Amino acid sequence: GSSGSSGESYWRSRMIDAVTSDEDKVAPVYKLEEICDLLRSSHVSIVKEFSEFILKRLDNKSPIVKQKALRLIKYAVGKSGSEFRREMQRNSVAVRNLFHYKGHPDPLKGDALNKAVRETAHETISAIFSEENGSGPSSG
């Protein structure tokens, strides 16, 4: 029956990977819901790992893959729990870094696929930092 392996890294990655598949079709709502359940249904360690896999999608050279993550980032935050919110803010540079993501004019679609990424990034920061007011440590 049971047997070891190098680590439970596949379970976590599989979820994010499937909602960030290399397809232009918008990821189905039902798959997003499952992540939002697993997030609260798991310990905060899993929420940290989830965040890492999300970030690894911004690195994918494809424009589409980035956008898929951008919408998930905002769909997930605001429901999955507050832990994912704080951890996502810590690595939010990736989203801001896309406000000017021109990529390359895809010969097929005509610099369209890359808009989507950049567009969603603005909406995504508004979800990570979905805080009207806040606080922070003293400068001295």
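Residues numbered from 1 in each chain as written, not as in the entry; some residues may be left out. Heavy atoms only, no water.

- The deposited coordinates for this entry were obtained by solution NMR.

**A word on empty space enclosed by the protein**
(1) Moving on: With the rule as written, the count across this model stands at one cavity of 30 Å³ or more.
(2) Moving on: Quantified by volume, the largest cavity comes out at close to 40 Å³.
(3) Moving on: Class assignment of the residues belonging to the lining of the largest cavity gives a composition of six nonpolar, two polar and no charged. (1 Å grid on protein atoms, 1.4 Å probe; cavity = no way out; pocket = protein on both sides within 12 Å on 5 of 7 lines; lining within 4 Å. Points joined across faces, edges and corners; volume = space filled by probe spheres on them. Nonpolar A, V, L, I, M, F, W, Y, C, P; charged D, E, K, R; others polar.)

**What about the side chain of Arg12?**
(1) Moving on: Examined against the element boundaries, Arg12 turns out to sit in helix α1 (residues 9-18).
(2) Moving on: Look at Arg12 and you get buried, because its relative accessible area is 13%.
(3) Moving on: Side chain to side chain, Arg12 and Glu49 meet in a polar contact 3.1 Å long.
(4) Moving on: For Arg12, the contacting residues outside a window of four places in its chain are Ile46, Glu49, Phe50 and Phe53. (Helix = DSSP H or I, 4+ residues; strand = E, 2+ residues; numbered from the N terminus. Buried < 20%, exposed > 50% of the residue type's maximum accessible area, 1.4 Å probe, protein only. Polar contact = N/O pair within 3.5 Å; in protein donor to acceptor, adjacent residues only side chain to side chain. Contact = heavy atoms within 4.5 Å.)

**Here we look at the nonpolar core**
Nonpolar side chains in soluble globular proteins generally cluster together in the buried interior.
(1) Moving on: Counting residues in hydrophobic clusters, the biggest one holds 31 residues, and the most contacted among them are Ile16, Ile35, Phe50, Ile73, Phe84, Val95 and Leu98.
(2) Moving on: Dropping the residues within four chain positions of it, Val95 is found in contact with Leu58, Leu70, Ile73, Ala121, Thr124, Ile125 and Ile128. (Core = buried A, V, L, I, M, F, W, Y, C linked by side-chain atoms within 4.5 Å.)

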